[PDB]
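Engineer: If you scroll down you'll find the structure; I have some questions about it.
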Amino acid sequence: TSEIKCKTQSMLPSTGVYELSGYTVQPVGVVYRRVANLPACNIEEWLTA
Amino acid sequence: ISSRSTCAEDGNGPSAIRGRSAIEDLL
Amino acid sequence: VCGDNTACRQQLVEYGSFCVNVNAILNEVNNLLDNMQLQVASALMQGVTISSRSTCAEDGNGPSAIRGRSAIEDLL
Amino acid sequence: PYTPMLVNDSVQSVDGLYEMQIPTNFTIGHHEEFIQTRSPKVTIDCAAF
Amino acid sequence: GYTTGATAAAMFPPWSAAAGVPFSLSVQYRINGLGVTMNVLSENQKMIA
Amino acid sequence: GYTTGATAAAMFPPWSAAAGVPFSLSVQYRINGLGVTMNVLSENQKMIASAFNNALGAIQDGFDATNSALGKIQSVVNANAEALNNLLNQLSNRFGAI
Amino acid sequence: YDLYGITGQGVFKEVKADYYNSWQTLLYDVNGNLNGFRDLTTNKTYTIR
Amino acid sequence: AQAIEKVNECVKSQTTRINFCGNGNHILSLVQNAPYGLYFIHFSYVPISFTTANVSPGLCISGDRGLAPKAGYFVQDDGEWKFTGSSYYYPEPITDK
Amino acid sequence: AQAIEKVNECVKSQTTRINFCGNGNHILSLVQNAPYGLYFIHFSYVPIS
């Protein structure tokens, strides 16, 4: 009721069919995977040589 | 379209009950 | 859109969906002129009675229909 | 695409000879002709695309 | 060639592809929806030609 | 249903919605602009219907091959599909440089 | 997810894939989407939708 | 609208116009719903076994019924003069009317 | 398709419809191939006196 009013830019819009935005599924987890523990290559040991 | 609708031919022009919708499912 | 220089062909291939669009749309245009002009034929060419046993003078009294059959062609 | 052919043109007072005085058994060409009436209905959300 | 094929399809009143009807006859029939067959007398046939 | 409604509008020569005229009569009238009513004799009516029978089976039998009627139909559903694929490949084309 | 730098969101479905040789790990599709992934720390396979 | 014209004039009712929605004549017309557009079966009329006969259309020749400049009529001989339609070779009793 | 209608109904066969492809009556019809589209000669029927 509020969002079809948000589309037509007019209070109490007319009849018909109105496609809305779509409202994708909201994801739940922050899971992210990297390569495991590696040595420190230390670019500072090569820049400041 | 008068219901008092039967699924067999009465006029001699044949298969007009058969080819009425047999060509449907082939499409 | 480009010259023959190779620096424009590399930038064009990133717009490569445009080039396959414009070649597809005009192919739809050329196919419409095909299937129309062929039908312009296929109404007239459906005509029959072209019997060779073809002479280039009139026989019916309606005149110049041998003359004005294709004299109006070269004037156009 | 096509070019017809037959015989006996432009004869005298007894005009010509009819090629199509046909006593045949009439065959009936099926000759199916397809005609468009609707495209696939397309919608496009401006935001999702 | 096809236009000539189309035109000479009427120009052989012996054997014609314009409804099968001869041409010098055919001028007296599209008039005969409006004009009268007695009225052209076969006179104006030469005058129309 | 409507096509069946359209077709059976002619298939009841008792009561018909194709100019009100019965169907087995109606085959003898569109010919009668060209053919002659004496000439069909009522004989070829059975022969045209048997040919119409021979039509409709061969209409079924000739349809399984690659036919002209299937030809444009497979084209337009492809002409849709080639359009949308050109529309979908457009999404990942990298207009800008990144 | 943030799989080794690649950002995106979707499902994970474990399917026993094959022929990820030694270096080739991430399975892209024709359109530059990510369509398949191999973890470097578990030697397992996935398919993303 | 070409299809609307065909389903109104070729399918539903009969025809007085000649060369519409096909070629030759039009014996019947049918309609079946097909995917993405309906399609028909134009039952065209094709003859096979051709013959021949003499024909003199305009009656420029040999009035037997007194002063006959009749017309509009085909000709085959061996009767007196006979009319044939342009499909089936057949002598009438006489000319049409 | 207007031309297809005219070459099928005005040119090839005769007419039962009245006010098609011109005005007044239609005595004959012809056709000549012209550059970029065919063109006809609608022999209209005009009275004088």
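Every chain in the structure tokens takes a letter, A first, then B, and so on in the order presented; its residues are numbered from 1, and the ligands are numbered from 1 following the presented order.
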Would you give me, as an MDAnalysis selection string, the residues of chain H that come within 12 Å of chain E, using only C-alpha atoms?
Structural biologist: chainID H and resid 17:19 23:25 52:60 69:75 84:87
Engineer: Among chain I, which ones does DSSP assign to strand (DSSP E or B) (computed from the backbone)? Answer as a list in words.
Structural biologist: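 Put together, the selection reads residues 31, 32, 39 and 40 of chain I.
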Engineer: Please write the residues from the selection above to a file, keeping N, CA, C and O atoms, as a PDB file, in the first residue's frame.
Structural biologist:
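Now in result07.pdb:
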ATOM      1  N   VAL I  31       0.584  -3.054 -64.508  1.00  0.00           N
ATOM      2  CA  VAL I  31       1.716  -3.083 -63.602  1.00  0.00           C
ATOM      3  C   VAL I  31       2.997  -2.992 -64.414  1.00  0.00           C
ATOM      4  O   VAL I  31       3.149  -3.660 -65.440  1.00  0.00           O
ATOM      5  N   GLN I  32       3.893  -2.106 -64.002  1.00  0.00           N
ATOM      6  CA  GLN I  32       5.215  -2.044 -64.594  1.00  0.00           C
ATOM      7  C   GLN I  32       6.219  -1.939 -63.467  1.00  0.00           C
ATOM      8  O   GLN I  32       5.989  -1.214 -62.496  1.00  0.00           O
ATOM      9  N   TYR I  39       4.986   0.194 -59.812  1.00  0.00           N
ATOM     10  CA  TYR I  39       3.930   1.193 -59.891  1.00  0.00           C
ATOM     11  C   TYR I  39       2.959   0.848 -61.006  1.00  0.00           C
ATOM     12  O   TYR I  39       3.349   0.273 -62.022  1.00  0.00           O
ATOM     13  N   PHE I  40       1.708   1.253 -60.821  1.00  0.00           N
ATOM     14  CA  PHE I  40       0.592   0.787 -61.623  1.00  0.00           C
ATOM     15  C   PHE I  40       0.050   1.906 -62.489  1.00  0.00           C
ATOM     16  O   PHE I  40       0.533   3.034 -62.477  1.00  0.00           O
TER      17      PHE I  40
END
Engineer: Find the spatial neighbours of residue 47 in chain D, counting only C-alpha atoms, within a cut-off of 8 Å - ignore same-chain residues fewer than 2 positions away - and output them as a list in words.
Structural biologist: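 Final neighbour list, sorted by chain and number: residues 21 of chain A; 45 and 49 of chain D.
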Engineer: Hey, what's within 12 Å of residue 24 in chain G if we count only C-alpha atoms and toss same-chain stuff fewer than 3 positions away? As a compact mmCIF listing (two decimals) with N, CA, C and O atoms, in the first residue's frame, please?
Structural biologist:
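around-v1.txt, written as the output of this step:
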# COMPACT_ATOMS: atom_id res chain seq x y z
N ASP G 18 36.03 -32.47 -11.17
CA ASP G 18 37.19 -33.13 -11.74
C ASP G 18 37.98 -32.15 -12.60
O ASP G 18 37.47 -31.10 -13.00
N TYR G 19 39.24 -32.51 -12.85
CA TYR G 19 40.11 -31.92 -13.86
C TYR G 19 40.42 -30.46 -13.60
O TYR G 19 40.52 -29.65 -14.52
N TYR G 20 40.56 -30.10 -12.33
CA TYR G 20 41.22 -28.85 -11.97
C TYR G 20 42.70 -29.15 -11.77
O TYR G 20 43.08 -29.69 -10.73
N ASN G 21 43.53 -28.80 -12.77
CA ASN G 21 44.79 -29.51 -12.98
C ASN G 21 45.79 -29.32 -11.84
O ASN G 21 45.95 -30.21 -11.00
N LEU G 27 36.45 -21.62 -11.46
CA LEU G 27 35.71 -22.00 -12.66
C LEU G 27 34.76 -20.87 -13.02
O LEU G 27 33.71 -20.68 -12.40
N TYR G 28 35.14 -20.11 -14.03
CA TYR G 28 34.26 -19.08 -14.56
C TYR G 28 33.38 -19.65 -15.66
O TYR G 28 33.68 -20.69 -16.25
N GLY G 36 32.11 -21.68 -10.29
CA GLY G 36 32.69 -22.84 -9.66
C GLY G 36 34.02 -22.54 -9.01
O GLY G 36 34.76 -21.68 -9.48
N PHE G 37 34.34 -23.25 -7.94
CA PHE G 37 35.38 -22.82 -7.03
C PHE G 37 36.03 -24.04 -6.39
O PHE G 37 35.35 -25.01 -6.09
N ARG G 38 37.34 -23.96 -6.17
CA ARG G 38 38.08 -24.99 -5.45
C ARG G 38 38.81 -24.32 -4.30
O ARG G 38 39.50 -23.32 -4.50
N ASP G 39 38.66 -24.86 -3.10
CA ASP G 39 39.39 -24.34 -1.95
C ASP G 39 40.81 -24.87 -1.98
O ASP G 39 41.04 -26.04 -2.29
N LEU G 40 41.77 -24.00 -1.65
CA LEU G 40 43.16 -24.43 -1.63
C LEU G 40 43.55 -25.13 -0.34
O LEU G 40 44.60 -25.78 -0.30
Engineer: Smallest atom-to-atom distance to chain G: which of A:49, A:17, A:38, A:30, using only C-alpha atoms?
Structural biologist: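 With only C-alpha atoms as the atom set, the closest residue is A:30.
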Engineer: In Å, rounded to a single decimal, give me how far CA of residue 47 in chain I is from CA of residue 48 in chain E.
Structural biologist: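 So the two atoms, CA of residue 48 in chain E and CA of residue 47 in chain I, lie 12.4 Å apart.
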Engineer: Choose the residue, out of H:20, H:83, H:36, H:90, that has the smallest atom-to-atom separation from chain I; count only C-alpha atoms.
Structural biologist: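 Using only C-alpha atoms, chain I sits closest to H:20.
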Engineer: Give me, as number ranges by chain, all polymer residues having an atom no more than 10 Å from range 3-13 of chain I, counting only C-alpha atoms and skipping those fewer than 6 positions away in the same chain.
Structural biologist: C: 36-37, 39-44, 46-47; E: 6-7, 9-10, 17-21; H: 17-23; I: 20-22, 26, 28-31, 37-42
Engineer: I'd like the interatomic distance between CA of residue 27 in chain F and CA of residue 4 in chain D, to a tenth of an Å.
Structural biologist: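 Separation of CA of residue 27 in chain F and CA of residue 4 in chain D: 29.1 Å.
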Engineer: Separation of CA of residue 11 in chain G and CA of residue 47 in chain G, in Å?
Structural biologist: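 Computing the Euclidean distance for CA of residue 11 in chain G and CA of residue 47 in chain G yields 8.2 Å.
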Engineer: For residue 24 in chain B, find every residue with an atom within 8 Å (counting only C-alpha atoms), except residues of its own chain fewer than 5 positions away, and show them as a list in words.
Structural biologist: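 With the cut-off at 8 Å, the set is residues 32, 33 and 34 of chain H.
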Engineer: Mind checking DSSP for chain F and telling me the alpha helix (DSSP H) residues as number ranges by chain?
Structural biologist: F: 2-7, 23-30, 37-40, 43-61, 68-89
Engineer: Rank G:5, G:22, G:12, G:48 by their smallest atom-to-atom distance to residue 34 in chain G, using only C-alpha atoms, and report the top residue only.
Structural biologist: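 Result for the nearest residue to residue 34 in chain G: G:48.
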Engineer: Do you have, as JSON lines, the list of residues of chain H lying at most 6 Å from chain D, each with its nearest atom pair and that distance in Å to one decimal, counting only C-alpha atoms and ordered by chain then number?
Structural biologist:
{"residue": "H:36", "atom": "CA", "partner": "D:38", "partner_atom": "CA", "distance": 5.9}
{"residue": "H:37", "atom": "CA", "partner": "D:37", "partner_atom": "CA", "distance": 4.4}
{"residue": "H:39", "atom": "CA", "partner": "D:34", "partner_atom": "CA", "distance": 4.4}
{"residue": "H:40", "atom": "CA", "partner": "D:33", "partner_atom": "CA", "distance": 5.8}
{"residue": "H:41", "atom": "CA", "partner": "D:32", "partner_atom": "CA", "distance": 4.7}
{"residue": "H:42", "atom": "CA", "partner": "D:31", "partner_atom": "CA", "distance": 6.0}
{"residue": "H:43", "atom": "CA", "partner": "D:30", "partner_atom": "CA", "distance": 5.2}
{"residue": "H:44", "atom": "CA", "partner": "D:29", "partner_atom": "CA", "distance": 5.2}
{"residue": "H:45", "atom": "CA", "partner": "D:28", "partner_atom": "CA", "distance": 5.1}
{"residue": "H:46", "atom": "CA", "partner": "D:27", "partner_atom": "CA", "distance": 5.6}
{"residue": "H:47", "atom": "CA", "partner": "D:26", "partner_atom": "CA", "distance": 5.2}
{"residue": "H:48", "atom": "CA", "partner": "D:24", "partner_atom": "CA", "distance": 5.5}
{"residue": "H:49", "atom": "CA", "partner": "D:24", "partner_atom": "CA", "distance": 4.8}
{"residue": "H:50", "atom": "CA", "partner": "D:22", "partner_atom": "CA", "distance": 4.6}
{"residue": "H:51", "atom": "CA", "partner": "D:21", "partner_atom": "CA", "distance": 5.4}
{"residue": "H:52", "atom": "CA", "partner": "D:18", "partner_atom": "CA", "distance": 5.2}
{"residue": "H:53", "atom": "CA", "partner": "D:17", "partner_atom": "CA", "distance": 6.0}
{"residue": "H:54", "atom": "CA", "partner": "D:17", "partner_atom": "CA", "distance": 5.6}
{"residue": "H:55", "atom": "CA", "partner": "D:14", "partner_atom": "CA", "distance": 5.6}
{"residue": "H:56", "atom": "CA", "partner": "D:14", "partner_atom": "CA", "distance": 4.4}
{"residue": "H:88", "atom": "CA", "partner": "D:22", "partner_atom": "CA", "distance": 5.1}
{"residue": "H:89", "atom": "CA", "partner": "D:21", "partner_atom": "CA", "distance": 4.6}
Engineer: Please identify all polymer residues within 10 Å of residue 21 in chain B, counting only C-alpha atoms, omitting same-chain residues fewer than 4 positions from it, and present them as a PyMOL selection string.
Structural biologist: (chain B and resi 16-17+25-26) or (chain F and resi 1+3-4) or (chain H and resi 32-33)
